[PDB]
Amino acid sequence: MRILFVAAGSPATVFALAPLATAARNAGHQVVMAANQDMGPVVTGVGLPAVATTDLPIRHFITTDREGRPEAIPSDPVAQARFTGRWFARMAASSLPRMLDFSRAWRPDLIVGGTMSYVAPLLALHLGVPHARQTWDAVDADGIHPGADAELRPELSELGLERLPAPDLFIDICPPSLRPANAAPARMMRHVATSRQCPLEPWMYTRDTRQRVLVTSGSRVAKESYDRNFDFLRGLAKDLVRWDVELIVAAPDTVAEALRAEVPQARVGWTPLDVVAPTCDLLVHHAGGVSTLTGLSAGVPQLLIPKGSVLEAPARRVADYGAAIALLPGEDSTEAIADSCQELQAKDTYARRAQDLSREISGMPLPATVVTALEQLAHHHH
């Protein structure tokens, strides 16, 4: 059958959906993935044909409203969650006329979209094909979807609705231990780490007696759907050198270049998180995209520095579980960061709990087994 996957405007949205999308291709289905135009090479780099939902990048939709006026990001956590739904929704609303034309020409039997890929359910409603939603992280969307529903009032009105409908199939990669009790019934699916790949360098797979700490931006792209920075690194690397930690830095090339000067004691560049993660004793990141779930699947302790209101509660869940330390706004001092790495490095309780969670992820159903669910869904509709 013919399946249209819809990611969104940042690389982790592609990476999160790629295991199921390539598993579907591996089962003999015709599969295409739609994403913003600038995600095109990200899509084709996971081995899939790419379609552009829109030629505008996410920065356009984040910073500008449907009326073409600049919009400020609010700080209140309820407001910011709604704002997140709103900007993903105006991207979808903007993409809908082109995606309708494409879908009428390509004739999908089924549409699979990411959590906030709102063009996916809109297309489903217009065209009468089933919609499956796959989550793309462990982030609660209960405060996000209402922001989307409000912003889509014009599109939903035409369809006789006040809110987007429930998915025909909901697939959730969130480990049950981190899954809120109010989440909708889902077909569980194992998160499988993917990214853009490279020629392997011995250090990505060759350990020494050091202690391997990876500070990472999650994707090499300059703009993910969440803030990242990186000022903290200089002071942190000094702390680490006394620990003869082997410090590895994966960052966008411009940031990567500045860091080579600021912390010369480190190995700075870009490397895929899925390749290097398993080899690490600690991951330090901003708790965006698929980074946290990738770290948990590898059994690695993490320092989570969430930047963005919707990213905070999921990061605290992992710390509360015992597999991470999470430094939320106002907690992330120079000293706090150093002390946290010290403790993650030196107390094996974190590694134990990270491994407990890895084992839980590895018991979840494989993407290949969820392809069966997609086939059953379309057979029942069609």
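Residue numbers run from 1 along the displayed sequence.
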Problem set entry | Stretch exceeding the other in mean C-alpha B-factor - 81 to 89, 265 to 273 | 265 to 273
Exercise. For the C-alpha atoms alone, is the average B factor greater in 166 to 174 or in 217 to 225, going by the entry?
Worked result: 217 to 225
Exercise. According to the PDB entry, is the CA B factor of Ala7 in the bottom, middle or top third of its chain, that is, lowest, middle or highest?
Worked result: middle
Problem set entry | Record-listed C-alpha B factor of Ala193: chain third | highest
Seminar exercise, completed: By the entry's values, the third containing the CA B factor of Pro199 is the highest
Exercise. Going by the entry, which third of its chain does the Cα temperature factor of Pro278 land in?
Worked result: highest
Seminar exercise, completed: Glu312: C-alpha B-factor third of its chain, per the entry, is the lowest
